[PDB]
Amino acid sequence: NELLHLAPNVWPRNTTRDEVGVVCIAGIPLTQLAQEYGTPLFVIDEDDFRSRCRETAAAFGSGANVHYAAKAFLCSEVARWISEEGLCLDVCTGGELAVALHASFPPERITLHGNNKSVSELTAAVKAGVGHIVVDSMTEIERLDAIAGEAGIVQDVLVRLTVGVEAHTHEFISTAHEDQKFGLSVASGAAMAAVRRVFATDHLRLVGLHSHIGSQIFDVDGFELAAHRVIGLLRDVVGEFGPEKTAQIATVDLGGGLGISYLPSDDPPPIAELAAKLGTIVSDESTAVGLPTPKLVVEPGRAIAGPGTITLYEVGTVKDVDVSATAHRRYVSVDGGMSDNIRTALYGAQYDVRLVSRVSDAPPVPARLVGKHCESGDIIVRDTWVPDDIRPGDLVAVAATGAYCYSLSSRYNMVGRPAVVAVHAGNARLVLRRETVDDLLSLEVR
């Protein structure tokens, strides 16, 4: 009756119900998937994922202007999808680049990020020919210049700014002095010094500016102020170097944080609308300081992976726990835990969970979804509702685990990484194996 609704903004785009009531994506009952591949189980609506890539690219005007943030989720399958849809790939560490490359991701379309790039990570990057690197310290700059000189090239490059804006959901914060590890403060002059240094080198080309201001951003208001501040730096730069030189700073990358719906209440604007406001502020602001509007880049992770994937669990214990003299909370324990979605513990994230293996007529009862580890804080969905006849053996699913869940997974209490599976049109295909005690034990020595 009430828990039977599967809100189309939360759950993947190809999700539907059986005639027997079972929940399907891409036409596959979740039961079949569970019985075939085990639980816990990650289930990626492949068509959804591409769907998001096309949609975002259309909104910003080309896949060249949308870099998938690999940090949300990465494996060779997904890299290949991103290539095919024509987006770029932002990679973060040595290893994210390694796997990008292993999947033959076109290096010209990679951008490298990080607060502490090593000389090896940077050297590997120029060898492969990555093409954009977003620099983050003055040390990085001295380091990359040496490396690109040593290798015969001029490495295009952006500098990362700290612009004093933090945005989440329908609000933002502005600070005099942003206190965090990334970027170079515009207000402090650190950013300008960075611009100066790169212009000065023989071996780097300054090509853009990068800002990132938060996550689950549902209004443009924060971006607007950020872009204001960011393009104000550009004004400082016409100041010293002239308009002709500063046009070479052709790309304003406004970072990630494009929002999705974890709960049906969540109301991120449709992406084309947002992007058109974004485009317009980059333009108003651009010309009211005497410049050609530079090209807008955006780096979603969550808004691309994320909605299209679902973690599929089997209920194993149901305990009814007294929380007042009169009331109860219905703890439903499950197959996995913080080993595969640590976001609830770590960020206080809020998820939708649903019985999926059947349809119940029972009245909804307040509940906590809870995993299998020896920590009381091992909690996947802190507050929901759940049909009062929920019972071991049932299959439940949590609704936007596509982003930052698997990437964050651990082997806490020796629980191995769930399998991951992709699904497209009717067909299912294992993408990522499930761990076994052999993996568990495989770093041990004699």
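The numbering used is simple: start at 1 and walk along the sequence shown.
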242-250 set against 197-205, stretch whose average Cα temperature factor tops the other in the entry: 242-250
For the stretches 301-309 and 321-329, which has the higher mean C-alpha B-factor as given in the deposited record? 321-329
From the list 222, 264, 279, 371, select the residue with the highest C-alpha B factor recorded in the entry. 279
Return the residue from 402, 393, 27, 40 that has the highest Cα B-factor in the entry. 27
Residue 80: CA B-factor among chain residues, third -> middle
If you rank every modelled residue in this chain by C-alpha B factor, which third holds residue 169: lowest, middle or highest? middle
Chain third (lowest, middle, highest) by recorded CA B-factor, residue given as residue 377: lowest
Place residue 50 in the lowest, middle or highest third of its chain's C-alpha B-factors, as listed in the PDB entry. middle
If you rank every modelled residue in this chain by C-alpha B factor, which third holds residue 235: lowest, middle or highest? highest
